Every structure is written in C-alpha cells, then in structure tokens.
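Below is one structure, written out as structure tokens; the observations come after it.
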Amino acid sequence: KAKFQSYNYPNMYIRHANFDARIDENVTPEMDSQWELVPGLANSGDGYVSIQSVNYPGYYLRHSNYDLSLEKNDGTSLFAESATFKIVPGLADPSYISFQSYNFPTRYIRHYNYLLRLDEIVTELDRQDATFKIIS
Ligand SMILES: [Ca+2]
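Take the position in the sequence shown, starting the count at 1, then add 11; the result is the number in mature numbering (1 follows the signal peptide of the UniProt record, and there is no 0).
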C-alpha cells in the first residue's frame with residue numbers, strides 16, 4: 012500500500028477521479044490516492060508490478076491511446092500488458108521511482124499538467140513529470 016507523490020509538485024498525488032487517472036492536491040476522498048503494488052498482471056518477475064486501486068478493488072491503472080485511466084481488469088492478456096509496469100529508478104532522481112510500461116518500454120507514466128499519460132521522455136521537465144516518491 013502506497014501513495015505516489017509528484018517529484019516536481021510534491022503536494023500532488025496520483026489519484027483516480029471519474030475513472031480518469033490524474034494528479035491532484037487535497038485528494039478527496041483521500042482513498043482515491045491510495046494504491047496497492049501487486050505482481051505484474053502480465054509478468055510476475057521481480058521489478059514488474061500492476062497498480063491496483065485500494066478503494067476500487069480489481070481496478071488498475073491501464074494505458075490506452077497513451078492515456079492512463081482506472082479500469083476494471085477484464086482478465087485479458089491485452090489488459091494485463093497495458094496495466095503492467097517496471098518500477099525503475101526515478102528518471103529525474105534515481106532515489107525516487109518511475110513506471111516504465113511493459114509493452115511500450117520506452118514510455119513512462121507522467122503527469123501532463125494534471126493529466127496522467129504514457130509518454131516518451133525527452134526533456135528535463137519530462138523526466139521530472141515521470142518521477143514519483145513512494146509514500147508507504
Ligand atoms: Ca489519464
């Protein structure tokens with residue numbers, strides 16, 4: 012069980028709202044920013060995880076059209092592939108973390124302003140937008 016705090020806006024946390032994944036401050040209810048890292052749905056090797064909502068059990072962060080949303084696992088390999096991430100050292104500071112996609116290993120979870128998206132990471136600010144602190 013963990014929250015993910017943004018490296019560059021450190022009072023904002025990854026959270027779900029109307030099934031979109033985004034970051035926000037003063038997250039209400041606070042349980043929309045609580046997550047469980049579980050073994051990757053598409054790969055149970057060390058380092059691979061899926062990111063399950065604590066207040067919507069069975070629903071996980073999943074990418075589609077390069078956007079991340081909170082979606083119910085429908086049991087498919089397609090879902091699992093797009094909802095599995097490798098936790099790697101933080102791209103902006105390696106003592107934090109970044110989430111690299113399993114099926115698109117050059118893309119990472121990043122906030123784009125308040126939206127959460129799955130992007131290739133080029134600039135310093137892109138690295139900072141893709142870096143999170145695990146609060147657990
Ligand atoms: Ca999103």
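Backbone N, C-alpha and C define an ideal beta-carbon position, used for all residues, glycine too.
Per-residue DSSP class, three states only, for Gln45: coil
Residue span of the beta strand (DSSP E) that contains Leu72, given as start and end: 70-75
Integer Cβ distance of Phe110 from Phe96, believed to fall under 8 Å: With a Cβ gap of about 4 Å, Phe110 and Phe96 count as contacting.
Test item: CB-CB of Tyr20 and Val38 under 8 Å: Cβ distance not < 8 Å, so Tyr20 and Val38 don't count as in contact.
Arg128: CB within 7 Å of a non-hydrogen atom of ligand 1: Remark: the shortest separation between the CB of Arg128 and any heavy atom of ligand 1 falls under 7 Å.
Whole-angstrom C-beta distance between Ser44 and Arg33, which should lie under 8 Å: With a Cβ gap of about 10 Å, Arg33 and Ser44 do not count as contacting.
Inter-residue Cα distance where the pair is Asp31 and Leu81: Straight-line Cα distance between these residues: approximately 6 Å.
Counted within 10 angstroms of its Cβ, other Cβ atoms place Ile146 as buried (16 or more) or exposed: So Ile146 counts as exposed.
Run of the alpha helix (DSSP H) containing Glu135, from where it starts to where it stops: 135-140
Sequence-distant residues of its chain with Cβ nearer than 6 Å to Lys144 (five each side left out): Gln16, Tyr107
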